[PDB]
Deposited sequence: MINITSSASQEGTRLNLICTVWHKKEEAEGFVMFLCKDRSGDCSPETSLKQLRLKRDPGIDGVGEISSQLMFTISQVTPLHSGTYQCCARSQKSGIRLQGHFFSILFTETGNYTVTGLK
């Protein structure tokens, strides 16, 4: 794990929040990715909106040669989704964390995404 990048895509009423861990090709294993909303210092898999440990066989979505992806999908954005989000990842064995930058969704009955 070197670093985590954050992105977003949308179509119709649906918004996808995307976290991407970049890593060496031989260091694809042994970390969990997760996305947290409005935590103050306790972002973990247990406090996350979504977590994922990816198995690296062919035919599985999110599996890259030097990257791994987590996608959290909001089918319809409501006021519940307004707030500040962060992508994180954690390796079990070595203890290391990586954090992404903070970004925000603001419900306005439309929405803006900022900080990406």
Which parts of the deposited chain sequence are absent from the coordinates, listed in sequence order?
109-110, 119
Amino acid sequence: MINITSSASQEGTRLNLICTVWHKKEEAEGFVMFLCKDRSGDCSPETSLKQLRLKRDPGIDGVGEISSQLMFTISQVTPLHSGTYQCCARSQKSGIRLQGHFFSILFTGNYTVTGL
From here on, numbers count along this sequence of modelled residues.
Of 88-96 and 13-21, the stretch whose C-alpha atoms average the higher B-factor in the entry:
88-96
Comparing mean C-alpha B factor in the record for 31-39 and 58-66, the higher one is 58-66
Compare the C-alpha B factor of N3 with those of the other modelled residues in its chain, then answer lowest, middle or highest third.
middle
